[PDB]
Amino acid sequence: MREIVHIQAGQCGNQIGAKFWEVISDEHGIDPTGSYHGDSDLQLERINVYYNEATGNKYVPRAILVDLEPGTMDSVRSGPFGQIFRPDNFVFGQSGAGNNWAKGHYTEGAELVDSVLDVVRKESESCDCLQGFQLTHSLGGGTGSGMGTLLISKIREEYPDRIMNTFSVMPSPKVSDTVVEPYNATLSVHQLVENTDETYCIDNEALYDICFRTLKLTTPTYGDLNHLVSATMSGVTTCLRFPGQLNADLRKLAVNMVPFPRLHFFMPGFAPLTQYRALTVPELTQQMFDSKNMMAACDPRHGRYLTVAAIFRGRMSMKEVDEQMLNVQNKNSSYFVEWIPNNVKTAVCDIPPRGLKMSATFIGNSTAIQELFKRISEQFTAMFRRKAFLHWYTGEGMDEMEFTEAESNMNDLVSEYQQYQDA
Amino acid sequence: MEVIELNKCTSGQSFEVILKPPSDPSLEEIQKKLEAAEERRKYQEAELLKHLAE
Amino acid sequence: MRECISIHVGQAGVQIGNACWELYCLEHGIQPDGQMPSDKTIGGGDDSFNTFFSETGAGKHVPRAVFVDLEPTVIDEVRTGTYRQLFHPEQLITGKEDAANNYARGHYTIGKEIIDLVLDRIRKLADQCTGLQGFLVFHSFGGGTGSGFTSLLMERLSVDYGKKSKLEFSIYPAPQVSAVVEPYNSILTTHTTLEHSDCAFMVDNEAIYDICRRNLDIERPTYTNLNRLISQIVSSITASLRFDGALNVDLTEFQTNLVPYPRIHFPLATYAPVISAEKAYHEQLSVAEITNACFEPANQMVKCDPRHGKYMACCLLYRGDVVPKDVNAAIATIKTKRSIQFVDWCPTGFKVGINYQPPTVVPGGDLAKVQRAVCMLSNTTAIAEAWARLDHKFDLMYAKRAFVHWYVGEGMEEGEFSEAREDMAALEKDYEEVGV
Amino acid sequence: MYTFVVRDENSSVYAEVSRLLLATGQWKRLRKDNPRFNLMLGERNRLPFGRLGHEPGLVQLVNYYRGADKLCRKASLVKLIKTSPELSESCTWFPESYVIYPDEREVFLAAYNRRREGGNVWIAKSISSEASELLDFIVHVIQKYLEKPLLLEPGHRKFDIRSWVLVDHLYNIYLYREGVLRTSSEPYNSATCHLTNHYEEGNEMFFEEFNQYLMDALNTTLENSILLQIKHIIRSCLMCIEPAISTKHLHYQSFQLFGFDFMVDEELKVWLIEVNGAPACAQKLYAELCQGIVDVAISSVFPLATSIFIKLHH
Ligand SMILES: Nc1nc2c(ncn2[C@@H]2O[C@H](COP(=O)(O)OP(=O)(O)OP(=O)(O)O)[C@@H](O)[C@H]2O)c(=O)[nH]1
Ligand SMILES: Nc1ncnc2c1ncn2[C@@H]1O[C@H](COP(=O)(O)OP(=O)(O)CP(=O)(O)O)[C@@H](O)[C@H]1O
Ligand SMILES: Nc1nc2c(ncn2[C@@H]2O[C@H](COP(=O)(O)OP(=O)(O)O)[C@@H](O)[C@H]2O)c(=O)[nH]1
Ligand SMILES: Nc1nc(NC2CC2)cc(-c2cccc(Cl)c2Cl)n1
Ligand SMILES: [Ca+2]
Ligand SMILES: [Ca+2]
Ligand SMILES: [Ca+2]
Ligand SMILES: [Mg+2]
Ligand SMILES: [Mg+2]
Ligand SMILES: [Mg+2]
């Protein structure tokens with residue numbers, strides 16, 4: 001049945017997560033109360049991947065909502081589609097994590113993690129063939145970052161042979177809540193390097209710049225940023241949710257996108273960036289590979305693509321798709337490694353997303369991603385050199401040595417990208 | 001060009017045209033390989049669960 | 001009457017198997033419900049078509065086939081397809097989760113858990129045979145199941161059915177219709193399968209794709225397009241086994257006629273004519289014309305240049321309004337106008353087989369009904385070009401160990417990669433010597 | 001835009017076409033091992049023709065005909081002419097040659113015996129008067145040495161005619177209107193001056209001057225007395241192997257530039273010496289000939305945003 005178990009942790013995690021379910025529920029014709037009212041059978045073929053059959057032809061998202069504070073999870077329950085989630089799948093504490101990785105991972109988070117693992121188990125036990133897990137979270141805060149990775153570690157221990165994917169929001173000073181985000185993100189990246197198979201890197205700096213420059217949104221909100229994320233999340237999971245078999249299941253796509261186990265951090269991209277006119281296939285292709293449409297605040301013209309996966313949605317001509325896809329790379333084959341033949345794969349889906357005659361989602365495994373980790377590492381080191389703000393973490397029982405190790409681990413990651421960018 | 005062995009039946013025929021004359025592993029051995037692969041997987045999992053336990 | 005058991009492994013093997021048995025049924029006058037009025041030996045008989053079909057007391061003709069796949073998506077379409085009534089559950093085998101395009105996963109991890117079951121279902125087909133002559137094994141090179149589980153199955157088949165012949169129909173990987181690791185799986189399964197296959201027919205998806213676009217005007221051909229063309233070519237190859245005739249009547253003859261050297265057991269296939277069905281009026285090609293087309297690279301199952309190789313054996317299978325007179329006249333004229341160098345140690349000749357029934361086409365299909373077609377099976381060294389291409393792509397990734405961790409993580413060790421590659425290097429050398 | 005890749009840094013000719021290709025702002029020089037190319041200026045030996053024409057969406061063209069070596073090797077050329085019904089027994093323009101490995105080691109001495117009975121000097125490579133000297137030197141081919149060649153005056157010196165022929169993907173046969181003679185500059189001694197391989201600048205004489213000499217010394221023209229024979233030998237050799245090297249219905253395209261070397265005897269009869277598959281050009285002619293290569297051979301398949309060739313029809 002190739003079921004997926006969705007987990008969303010923390011404020012950012014639950015807000016990205018909540019809109020994801022709102023978007024794909026719409027695509028699959030599921031109303032705010034779990035009733036299906038779709039006009040096509042394609043909507044129900046792969047509905048089992050993210051929803052469970054409930055009594056009365058109700059579809060209940062196979063999602064687990066997690067947070068150390070209530071509130072973000074109270075708003076979800078009160079927002080649009082909030083009634084669609086299983087009440088038992090809201091797992092929350094009262095203390096909060098104070099934007100502190102240590103609190104989410106070691107103190108506050110440890111108190112609550114077994115309750116989450118009980119719900120995860122209950123969901124997995126009723127899967128005909130569990131495909132894997134997907135987690136939404138930020139890396140800059142405390143719950144999604146510190147507890148989110150603690151979850152991933154606990155899940156791997158109990159399901160060591162299942163795929164673990166994350167949609168991870170990287171912090172940026174240009175859209176910053178607290179000054180310690182580089183610490184929390186540096187600590188989380190090492191967890192992800194070890195315990196995820198695919199991490200979709202969503203950089204809040206890129207999201208902002210797109211809203212400001214392209215979308216020309218003076219003063220963007222988190223809603224605006226999350227509008228681009230849910231559209232991206234909808235695109236990357238399109239091949240998992242509708243008939244088609246190119247990167248059909250999580251393991252298959254991991255096998256084709258990850259040539260080295262630690263280099264599994266992907267640059268997202270979407271087109272058209274969102275009025276009544278539909279883009280032509282040439283316009284989709286050129287924009288999708290354009291840096292401005294990249295969601296990881298990285299210029300791919302500074303690195304080389306290890307692998308690339310492009311998904312086109314809407315009724316179009318596959319011929320023009322090939323013509324432009326083969327065109328864009330044959331015209332810029334300087335940015336694709338020559339030691340992975342045919343490393344650009346294209347998928348097509350008839351069902352277009354809501355309100356768009358056709359769109360394109362981009363998933364790239366580029367060595368340019370090292371720029372994003374360079375940003376984090378430099379910001380981390382700027383403070384760590386002076387042990388600034390470190391008392392927030394030592395007060396939770398962490399030692400400075402754990403920071404030093406995280407720093408070394410990410411610097412290692414950066415050099416592991418530069419190695420393959422010059423080979 | 002010589003036609004030879006021209007066979008004919010109700011559903012067709014066949015012949016040969018010559019244009020020029022000319023001038024294992026055991027069931028046990030397989031199990032050993034399969035069980036050996038399984039062993040290496042079990043070991044890699046053991047190291048993982050030990051890594052996690054740490 | 002010697003029986004032939006067909007085995008379909010992985011998506012490509014199963015979907016191609018479906019297309020073949022639909023064509024077989026149309027060719028033999030077998031309705032979807034599994035019975036043929038023309039058969040007067042109800043519940044028995046040992047006619048030529050019985051080599052592929054058993055018979056029940058109710059006049060049902062059940063294929064001597066087994067469908068094996070590690071996920072149930074593709075085989076479920078057999079259980080619910082137009083020909084679901086042909087097969088019974090015992091011959092449809094599906095696992096829970098597939099090999100994720102990972103040879104090591106299909107061969108070691110998952111293969112070890114299902115191999116005994118497959119052999120059991122096959123045994124129940126063998127036990128039903130008065131004189132089983134061997135197996136026909138359909139699979140992709142690139143799939144994790146088609147590559148990984150097939151080679152394990154071939155290993156065990158050589159153990160359990162030592163005296164039996166085994167032929168392959170192999171789908172060679174083409175980036176136009178594909179997974180990035182397919183070269184790895186291709187070399188791995190070729191190395192492990194080499195000494196267990198008596199004769200293997202490679203079909204490169206790149207060639208099928210281009211024939212569909214070029215001849216059938218299909219702008220973007222789908223697997224259904226590709227599979228209905230492949231089935232025609234498979235049918236004309238297996239036609240001698242299920243019709244009256246004198247050429248290639250048992251599996252052993254394929255080896256005898258096409259494979260002098262055991263390791264070089266990959267005959268090249270060329271088919272003609274492929275004609276669009278939208279063309280109501282199309283001139284019927286002559287014997288000489290379709291025989292000449294058998295030497296145009298654009299009609300081969302694998303794009304290569306036989307002009308720069310050497311022939312070891314050449315076999316012409318005609319279907320339709322053909323008489324030996326026209327063939328010889330066609331061969332005489334072609335010999336003086338093309339490059340046909342046989343190896344010194346082999347006679348320069350052609351084994352010809354004619355079946356008067358013109359090729360069958362699937363009603364509502366892309367291929368036009370023609371009055372005569374030919375499939376040429378020729379063992380030429382030129383097909384080593386395909387090994388060279390595949391080995392080169394393998395070398396590019398393996399130099400960086402790209403993706404290797406997926407196979408090691410499944411129980412394989414790097415040693416198998418280099419070992420399999422060295423076998424492929426010696427295979428290219430074998431063609432080099434024969435073709436100098 | 002189009003993309004090509006260079007794989008023979010030594011090629012004098014194609015270093016120039018690659019310079020012109022870039023000088024159009026519509027060709028991109030890729031890494032020598034990048035398979036996503038439109039045109040390959042391939043290597044001289046072991047060119048992997050088997051990996052061409054398999055890239056989706058790429059129309060691929062290469063500057064060598066797979067199988068053209070049968071014409072461009074001393075031995076195979078002798079073997080081709082003798083065993084080709086299109087040429088054998090009708091080849092009055094190729095001196096009798098023999099292939100003998102250090103095989104027709106016997107048939108050579110057969111006709112050689114009659115010679116001494118009745119001119120009997122031969123030459124071998126891959127110049128002596130008796131077969132014993134030749135075999136002691138030595139795969140080598142041997143053919144009758146043209147004892148009476150046409151000598152230019154003044155200087156009493158033998159020459160060497162080199163013609164450049166371009167064969168495009170359609171197997172059209174284009175003869176560059178500019179040829180060169182390679183003059184020994186040494187008085188011919190019937191008993192350095194025998195070899196002409198590299199009075200006139202650069203020891204090379206172009207057609208305009210050679211034609212004037214013929215009109216003055218022999219009351220004839222280059223076209224009538226020699227060029228008609230040149231075109232005939234070129235067409236015979238290339239039509240002979242067309243079925244074996246044509247990329248007409250092939251998954252990739254071929255073209256190639258050939259250097260035919262001829263010789264002229266006292267009777268103004270043209271003889272074919274050999275065919276080079278990787279020839280160089282005359283410095284005074286690289287510009288025009290290399291642009292013509294781009295016009296007819298390259299941009300004919302990959303177009304851009306009079307004629308220096310003589311199309312030998314067939
Ligand atoms: N001609 C043809 N090729 C196919 C078909 N299905 C898959 N392929 C080719 O087979 C290769 C992929 O292998 P599959 O057969 O799909 O995979 P599998 O054998 O089921 O193995 P796993 O899915 O990894 O468990 C690709 O190169 C496809 O182009 C088909 O129906 N017809
Ligand atoms: N049969 C013959 N009679 C008279 N002279 C001959 C001859 N064969 C060869 N020569 C002379 O030998 C010289 C070299 O001819 P040859 O073609 O064999 O050199 P080569 O092929 O090794 C280098 P290139 O590619 O420039 O020709 C020529 O200048 C020619 O004058
Ligand atoms: N794109 C996006 N980013 C968010 C959102 N909420 C918080 N963030 C980012 O996430 C980080 C703060 O972490 P947060 O999720 O609020 O902490 P947590 O609740 O303990 O997991 C900062 O980098 C914020 O910029 C959101 O709704 N959308
Ligand atoms: N490699 C790959 N491929 C995919 N599909 C499109 C290529 C056709 C989807 C995904 C995926 C699936 C779940 C979660 C996350 Cl973060 C990702 Cl990135 N990964
Ligand atoms: Ca507490
Ligand atoms: Ca507990
Ligand atoms: Ca019967
Ligand atoms: Mg917050
Ligand atoms: Mg499969
Ligand atoms: Mg020479």
Side-chain angles (χ1 to χ4, degrees), chain A residues 4 6 10-13 15 67 69 71-72 96-99 131-136 138 140-144 163-168 177-178 196-202 222 232-233 235-241 244-258 264-268 307-312 345-349 361-365, chain D residues 72 74 94-97 121-127 141-149 158-162 182-184 193-198 259-263 265 271-280:
Chain A
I4 298 183
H6 172 93
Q11 178 171 30
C12 175
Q15 277 166 358
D67 207 341
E69 296 170 356
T72 298
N99 294 295
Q131 179 178 171
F133 308 80
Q134 78 178 32
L135 168 75
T136 57
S138 65
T143 303
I163 298 295
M164 177 72 61
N165 291 339
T166 68
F167 299 79
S168 307
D177 287 357
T178 65
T196 67
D197 298 289
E198 302 167 287
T199 288
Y200 211 71
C201 293
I202 301 158
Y222 278 121
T232 304
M233 298 194 59
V236 312
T237 63
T238 295
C239 62
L240 300 172
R241 295 185 284 109
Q245 269 223 223
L246 201 38
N247 295 161
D249 55 291
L250 294 178
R251 196 168 288 108
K252 271 257 184 72
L253 34 100
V255 165
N256 291 147
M257 288 293 291
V258 185
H264 59 263
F265 298 89
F266 300 156
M267 286 182 46
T307 53
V308 174
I311 307 80
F312 293 73
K345 293 308 177 191
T346 302
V348 181
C349 176
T361 300
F362 171 89
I363 306 173
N365 188 347
Chain D
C72 303
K74 307 296 219 316
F94 185 77
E96 62 177 314
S97 307
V121 69
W122 295 75
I123 185 174
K125 202 248 175 182
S126 58
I127 319 175
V141 67
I142 178 184
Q143 66 179 356
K144 75 172 176 64
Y145 188 90
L146 186 36
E147 309 191 19
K148 46 191 58 179
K158 67 187 300 180
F159 57 80
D160 174 299
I161 299 178
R162 155 67 70 84
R182 297 191 290 248
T183 62
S184 72
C193 83
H194 287 53
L195 266 63
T196 70
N197 196 344
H198 206 97
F260 283 78
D261 291 342
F262 301 95
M263 197 142 45
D265 69 359
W271 299 87
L272 173 63
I273 301 177
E274 59 131 19
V275 194
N276 294 315

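Both backbone and side-chain heavy atoms feed into the values below; hydrogens, waters and symmetry mates do not. Each chain gets a letter, A, B and so on, in the order its sequence line appears, and its residues count up from 1. When a ligand or atom number is given, it counts from 1 through the structure's own listing order.
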Mind listing the closest non-hydrogen atom pair of [X] and [Y] along with its distance?
X        : Y        : result
D/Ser184 : D/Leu195 : CB-O, 3.7 Å
A/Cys201 : A/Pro268 : O-CD, 2.9 Å
D/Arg162 : D/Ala280 : NH1-O, 3.6 Å
A/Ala309 : A/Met257 : CB-SD, 3.9 Å
A/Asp197 : A/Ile163 : OD2-CA, 3.4 Å
A/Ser168 : A/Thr199 : OG-CG2, 3.5 Å

Starting from [atom], which protein heavy atom do you reach first, and at what distance in Å?
atom                     : result
atom 16 (P) of ligand 2  : D/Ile273 CG2, 4.4 Å
atom 9 (C) of ligand 4   : A/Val236 O, 3.1 Å
atom 11 (C) of ligand 2  : D/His194 O, 4.3 Å
atom 19 (N) of ligand 4  : A/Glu198 OE2, 3.1 Å
atom 24 (P) of ligand 2  : D/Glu274 OE2, 3.1 Å
atom 28 (C) of ligand 2  : D/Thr196 OG1, 3.5 Å
atom 8 (N) of ligand 2   : D/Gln143 NE2, 3.6 Å
atom 10 (C) of ligand 4  : A/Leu253 CD1, 3.7 Å
atom 5 (N) of ligand 4   : A/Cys239 SG, 2.8 Å
atom 7 (C) of ligand 4   : A/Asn247 OD1, 3.2 Å
atom 18 (Cl) of ligand 4 : A/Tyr200 CD1, 3.3 Å
atom 15 (C) of ligand 4  : A/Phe167 CZ, 3.7 Å
atom 18 (O) of ligand 2  : D/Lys74 CE, 3.7 Å

Is there a side-chain contact between [X] and [Y] (heavy atoms, below 4.5 Å)?
X        : Y        : result
A/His6   : A/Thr136 : yes
A/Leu250 : A/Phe133 : no
A/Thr237 : A/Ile4   : no
A/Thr143 : A/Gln11  : no

Could you tell me whether the side chains of A/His264 and A/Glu198 share a donor-acceptor contact shorter than 3.5 Å?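 A/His264 vs A/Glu198: no donor-acceptor pair found between side chains.
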Could you tell me which atoms of ligand 2, counted from 1 in the order shown, lie closer than 4.0 angstrom to a heavy atom of D/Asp160?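 The atoms of ligand 2 under 4.0 Å from a heavy atom of D/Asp160 are 28 (C), 29 (O).
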Worksheet entry | Contact atoms of ligand 2, heavy-atom distance to D/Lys125 under 4.0 Å |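 Counting atoms of ligand 2 from 1, those under 4.0 Å from D/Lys125 are 22 (O).
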Which ligand 4 atoms are under 4.0 Å away from a heavy-atom of [X]?
X        : result
A/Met257 : 1 (N)
A/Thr166 : 16 (Cl)
A/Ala309 : 7 (C)
A/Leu250 : 12 (C), 13 (C)
A/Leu246 : 8 (C)
A/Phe266 : 18 (Cl)

Does D/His198 NE2 have over 12 foreign heavy atoms under 6.0 Å away?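 For D/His198, atom NE2 is not crowded (no more than 12 foreign heavy atoms under 6.0 Å).
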Between [atom1] of [X] and [atom2] of [Y], what distance do you get to the nearest 0.5 Å?
X        : Y        : atom1 : atom2 : value
A/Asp177 : A/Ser138 : CG    : OG    : 8.0 Å
A/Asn165 : A/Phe266 : CG    : CZ    : 7.5 Å
D/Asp265 : D/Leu146 : CG    : CG    : 5.5 Å

Q.
Run the side chain to side chain contact (heavy atoms under 4.5 Å, CB included) test on A/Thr232 and A/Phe167 for me, step by step, so that the C-alpha distance in whole Å, both residues' side-chain angles and the decisive distance to 0.1 Å come before the verdict.
A. CA-CA 10 Å; A/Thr232 304; A/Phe167 299 79; over 6 Å; no
Practice problem: State whether the side chain of A/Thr166 and the backbone N or O of A/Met164 hold a donor-acceptor pair below 3.5 Å, judged by distance alone. | Solution: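 Not a single qualifying donor-acceptor pair exists.
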For the backbone of D/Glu274 and the side chain of D/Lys74, can you confirm whether one donor and one acceptor N or O come within less than 3.5 Å of each other?
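Checking the backbone N and O of D/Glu274 against the side chain of D/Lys74, no donor-acceptor pair under 3.5 Å is found.
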Would you mind telling me if ligand 4 is within reach of the side chain of [X], the backbone, both or neither, using heavy atoms under 4.0 Å?
X        : result
A/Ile311 : side chain
A/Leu240 : side chain
A/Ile363 : side chain

**Prompt:** Between D/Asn197 and ligand 2, which part of the residue brings a heavy atom under 4.0 Å of the ligand: side chain, backbone, both or neither?
**Reply:**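 Both backbone and side chain.
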For ligand 2, does D/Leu146 get within less than 4.0 Å through its side chain, its backbone, both, or neither, judged by non-hydrogen atoms?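 Within the 4.0 Å criterion, D/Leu146 contacts ligand 2 through backbone and side-chain atoms alike.
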| query | Does even one non-hydrogen atom of D/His198 get within less than 4.0 Å of ligand 2? | reply |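 Distance cut 4.0 Å: D/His198 fails for ligand 2.
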message = Please evaluate residues D/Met263 and D/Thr196 with respect to the criterion side chain to side chain contact (heavy atoms under 4.5 Å, CB included), reporting the C-alpha separation (whole Å), side-chain torsions for both, the decisive distance (0.1 Å), and the verdict.
response = CA-CA 10 Å; D/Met263 197 142 45; D/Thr196 70; 5.9 Å; no
So which protein N/O/S atoms does the Mg ion (ligand 8) have within less than 2.8 Å?
->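 The answer is A/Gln11 OE1.
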Practice task
Tell me, with the steps shown, if D/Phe94 and D/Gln143 meet side chain to side chain contact (heavy atoms under 4.5 Å, CB included).
Solution key: CA-CA 9 Å; D/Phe94 185 77; D/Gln143 66 179 356; 4.0 Å; yes
- Option nearest atom 17 (C) of ligand 4 (shortest heavy-atom distance, choices A/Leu135, A/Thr136, A/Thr237, A/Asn165):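 It is A/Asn165 that holds the nearest heavy atom.
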Among D/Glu147, D/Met263, D/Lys144, whose heavy atom sits nearest atom 4 (C) of ligand 2?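 Residue with the shortest heavy-atom distance to the ligand atom: D/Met263.
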Fill in: Verdict with reasoning, A/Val236 to A/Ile311, per side chain to side chain contact (heavy atoms under 4.5 Å, CB included)
CA-CA 7 Å; A/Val236 312; A/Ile311 307 80; 5.9 Å; no
*asked:* Any atom of ligand 4 sitting under 4.0 Å from a heavy atom of A/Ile4?
replied: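 Flag not set, A/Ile4 not near ligand 4.
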Quiz item: Quick one: does atom 14 (C) of ligand 2 have a protein heavy atom under 4.0 Å from it?
Solution: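 For atom 14 (C) of ligand 2 the answer is no, since every protein heavy atom stays at 4.0 Å or beyond.
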